[PDB]
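Observations on the model geometry
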Amino acid sequence: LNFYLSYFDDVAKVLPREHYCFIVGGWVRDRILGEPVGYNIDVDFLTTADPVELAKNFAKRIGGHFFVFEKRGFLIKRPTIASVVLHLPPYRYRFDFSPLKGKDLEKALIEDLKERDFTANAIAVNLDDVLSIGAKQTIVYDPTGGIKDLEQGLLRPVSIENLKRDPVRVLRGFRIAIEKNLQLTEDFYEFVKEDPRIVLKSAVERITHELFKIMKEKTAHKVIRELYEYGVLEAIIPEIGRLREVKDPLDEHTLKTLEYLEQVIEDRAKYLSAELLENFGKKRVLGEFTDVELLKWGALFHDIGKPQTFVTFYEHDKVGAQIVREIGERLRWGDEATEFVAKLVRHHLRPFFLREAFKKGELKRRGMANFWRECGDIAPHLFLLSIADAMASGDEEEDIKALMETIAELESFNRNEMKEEXXXXXXXXXXXXXXXXXXXXXXXXXXXXXXXXXX
């Protein structure tokens, strides 16, 4: 009843008569927790069938085109997982399929469950048991006793060795703990305390994926703070640790910048214009993530250049862009993604300048047009980041209002004031280049002043 999903039926139709499937990990966990199903559904499976064929035909039934990547060999037993990803804008589906092999089915299932990272993820149920019609409580498999830990609200790794085998999970342990609101056990925290840099063992792609999963949630700032306190964030991103040596506290300012940024993004309807809000957050990166996570990375990286420069900081913020680019290359971020974050960091101080020009009444069509021309793409993100950084810097409420009103002045100037009205009038790319220069003069006796300014 609780464990039911519609597509499971399709699985049962694809699943061979002599082969079985088991619902494992996150889905059963969240289902026991009694959490309402979100817009993202991820279900892990353990099957005795061929995962490739099973997931391929399931993918033929529901769409969600077939995904199989792993190496095959005589041994060591090399896992092959086949996933189905069905993506429509409001809802995303991911079904994982993993091989289950052995002479004793139950012993093999238990054996596989004991290898998993945490007790909450070690709970597995049988597919045929979920589809079972009545007169029984569907049997659950938790040799690690995940249910008991979930009842006590504790997130306990099965064994520390499992964490040392796959270090990236040490990130999950934090994230889930904040995401499902669970308290991690003592042995975990102690293990992280002993050797924080262990996370560097696992592949970089999975690290990036996990960190993006962290940046996805609205509680992200807490998890980031937790990763920074244990030195994990410094191990993954050495540049963040360098924010430590420059004293005004820059690191606290950055964490608070993120924490405030989340609240601002929640309030984004207030400050931002509707035309900006329409296309905001709808830009996909890495196939499961949006530009919002890039905005949060833009909050963490908002000043990464202040430690590099030293009385005042001047040219760093551009340097911030370069550093962000380097990290993006090292962390295997998407090209357009790391370019977006870099561009977001580069201009991070721009709305403050326009604000200062607004408070003095110096802000005019020239500065606005220059702004929107230079960056119109990162404009909303830059606005939210500017407001957040204004909240984190302890700016006066009047000054913050000046920033918001400056932002909305830019937006109002763009949505309505800015209109191109041509080549036939100028003659009354040599003509196109002079048309762009005359356009900048209109965005900042009339015809003669434009013809003279062009030559």
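Calculation rules
- Along every chain, residues receive numbers from 1 upward following the written sequence, which is not necessarily the numbering found in the entry; those without coordinates are excluded from display.
- The basis for every side-chain value is the complete set of non-hydrogen atoms in the structure, without hydrogens or water.
- Residues with missing side-chain atoms are left out of burial classes, side-chain pairs and their counts.
- UniProt positions are given in the numbering used here, feature names are shortened, and annotations may be inferred rather than shown by experiment.
- The helix count covers DSSP runs of H or I at least four residues long, the strand count covers runs of E at least two residues long, and both are numbered beginning at the N terminus.
- The contact rule is simple, with two residues in contact once any of their heavy atoms fall within 4.5 Å.
- Note: domain ranges come from an automatic or database domain assignment.
- Helix axes are fitted only over the stretch in contact, all axes being lines through C-alpha atoms; the angle between N-to-C directions runs from 0 to 180 degrees.
- In these notes the angle categories are as follows: under 35 degrees is roughly parallel, over 145 is roughly antiparallel, 65 to 115 is roughly perpendicular, and the rest is oblique.
- By the definition used in this description, the sense in which the near helix is turned from the far one sets the handedness, with an anticlockwise turn below a right angle giving left-handed and a clockwise turn giving right-handed.
- Classes in brief: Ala, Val, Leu, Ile, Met, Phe, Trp, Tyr, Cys and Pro nonpolar; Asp, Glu, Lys and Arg charged; the others, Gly included, polar.
- Between any two strands, pairing holds if DSSP finds at least two bridges.
- We define a nonpolar core as any set of buried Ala, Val, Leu, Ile, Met, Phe, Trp, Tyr and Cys residues linked to one another through side-chain atoms lying within 4.5 Å.
- Residue burial is assigned from relative accessible area. The probe radius is 1.4 Å, only protein chains are included, and a residue is buried under 20% of its type maximum, exposed over 50%, and partly exposed in between.
- When the centres of two rings from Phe, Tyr and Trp lie within 6.5 Å, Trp using its six-membered ring, the rings pair. Their planes under 30 degrees apart give stacked, over 60 give edge-to-face, and anything left gives tilted.
- Look at NZ for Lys and CZ for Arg. If either is within 6 Å of the ring centre and within 35 degrees of the ring normal, a charge sits over the ring.

Some remarks on the UniProt feature "binding site: Mg(2+)" in the protein chain
- Here the UniProt-annotated "binding site: Mg(2+)" positions come out as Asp42 and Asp44.
- Take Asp42: it is sitting in strand 2 (residues 40-47).
- In this view, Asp42 contacts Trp27, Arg94 and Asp96; residues no more than four positions away in its chain are not counted.
- With respect to the helices and strands, the residue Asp44 is situated in strand 2.

Digging into the domain arrangement of the protein chain
- With domains assigned, the protein chain is organised as domain 1 (1-145), domain 2 (159-235) and domain 3 (237-417).
- Relative to domain 3, the C-alpha centre of domain 1 lies at a distance of 41 Å.

Structural notes on the packing of helix 17 (residues 291-300) against helix 22 (residues 379-392)
- Where helix 17 meets helix 22, the closest approach of the two axes is 10 Å, and the angle between their N-to-C directions is 40°. By the criterion of interaxial angle, the relationship of helix 17 to helix 22 is oblique. The crossing of helix 17 and helix 22 is right-handed. Facing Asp291, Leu295, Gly298 and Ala299 of helix 17, the residues of helix 22 in contact are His381, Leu384 and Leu385.
- The residue inventory of the contact of helix 17 with helix 22, partitioned by class, reads four nonpolar, two polar and one charged.

Section: the pairing of strand 5 (residues 91-99)
- In terms of strand pairing, strand 2 meets strand 5 through eight bridges, oriented parallel. Paired with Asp44 across the strands is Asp96, a residue of strand 5.
- Across five bridges, the pairing between strand 4 (residues 82-88) and strand 5 is antiparallel. Residue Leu88 lies in a different strand from strand 5, and its bridge partner there is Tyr91.

Section: the nonpolar core
- By size, the foremost hydrophobic cluster in this structure holds 119 residues, and its most contacted members are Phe8, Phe95, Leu171, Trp297 and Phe301.
- When residues of this core are assigned to their parent elements, the largest contribution, eight residues, is made by helix 22.
- With near-sequence residues (within four places) excluded, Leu171 lies in contact with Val199, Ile207, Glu210, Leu211, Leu227, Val232 and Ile236.
- Counting residues in each nonpolar core, the second largest holds nine residues, with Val24, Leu109, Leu113 and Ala124 among its members.

Concerning the packing of helix 11 (residues 220-229) against helix 14 (residues 250-266)
- Relative orientation of the contacting elements helix 11 and helix 14 amounts to 160°, with a least axis distance of 8 Å. Judged on the interaxial angle alone, helix 14 and helix 11 are roughly antiparallel. Read as a crossing pair, helix 11 and helix 14 show a hand that is right-handed. Facing helix 11, whose interface residues are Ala220, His221, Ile224, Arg225 and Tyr228, helix 14 presents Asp251, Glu252, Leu255, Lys256, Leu258, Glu259 and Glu262.
- Of the residues assigned to the contact of helix 11 with helix 14, the class counts are five nonpolar, one polar and six charged.

Digging into the side chain of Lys306
- Within the fold, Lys306 resides in the loop between helix 17 and helix 18 (316-330).
- On the accessibility criterion, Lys306 (11% relative accessible area) is buried.

Here we look at the packing of aromatic side chains
- In total, this model carries 28 aromatic pairs according to the counting rule given.
- Aromatic pair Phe58 and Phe97: ring centres 6.2 Å apart, planes at 65°, arrangement edge-to-face. Of the two residues, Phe58 is situated in helix 3 (residues 51-62) and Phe97 in strand 5; the sequence distance between them amounts to 39 residues.
- Judged by its relative accessible area of 0%, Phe97 is buried.
- Aromatic rings pair up to connect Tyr7, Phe8, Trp27, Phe45, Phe58, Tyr93, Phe95 and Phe97 into one cluster.
- For the cation-ring pair, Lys283 lies above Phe340, with the distance from its terminal atom to the ring centre recorded as 5.9 Å.

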